[PDB]
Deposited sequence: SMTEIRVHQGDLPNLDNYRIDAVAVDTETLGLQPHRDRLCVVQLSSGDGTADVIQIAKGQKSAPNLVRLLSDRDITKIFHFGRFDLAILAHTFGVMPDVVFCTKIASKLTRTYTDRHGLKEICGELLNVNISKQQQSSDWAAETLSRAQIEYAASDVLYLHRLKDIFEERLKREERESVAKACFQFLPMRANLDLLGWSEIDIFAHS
């Protein structure tokens, strides 16, 4: 089941959960040039909500309420980007987050391939652009967009098990705590700079 909406959620039903999987689609990698076009959400129950964002849209009160609720962990893959584009679009930076890309880099030390496809293949044996600004999204587009959020909860559970096993929970927690500010630094103009590097 994939529910497609225009502009905002109708309500926050099905989203009283403790953690929500979140992803975005845009016109590109540069938030100042490339607008947010689609937002995907999942409660982890095997269904997803796909929300089409209009050009110039500045507000999405129910969605933004969800994004701002500190009692709900937002799960991303490479949240550095999604946090940046979400904050740029709606003016709210989430501050309770989990990133599967950071978790992979902290746990899957036996590989250099940390993409979502490879992670899903290794951990779950699950097999995972286009004009996202189109007025009407195709069925293939909607199914692809939903596929990016359907599995993030299971990955979070496995990565939390691995982080506990290798005793890296506080490292991951500190990285996730800093991640929203890393995204803010990207938005402010340091996107090409490792702020902690010697040069």
| property | result |
| --- | --- |
| Missing CA stretches, deposited numbering from 1, N-terminus first | 1 to 3, 132 to 136 |
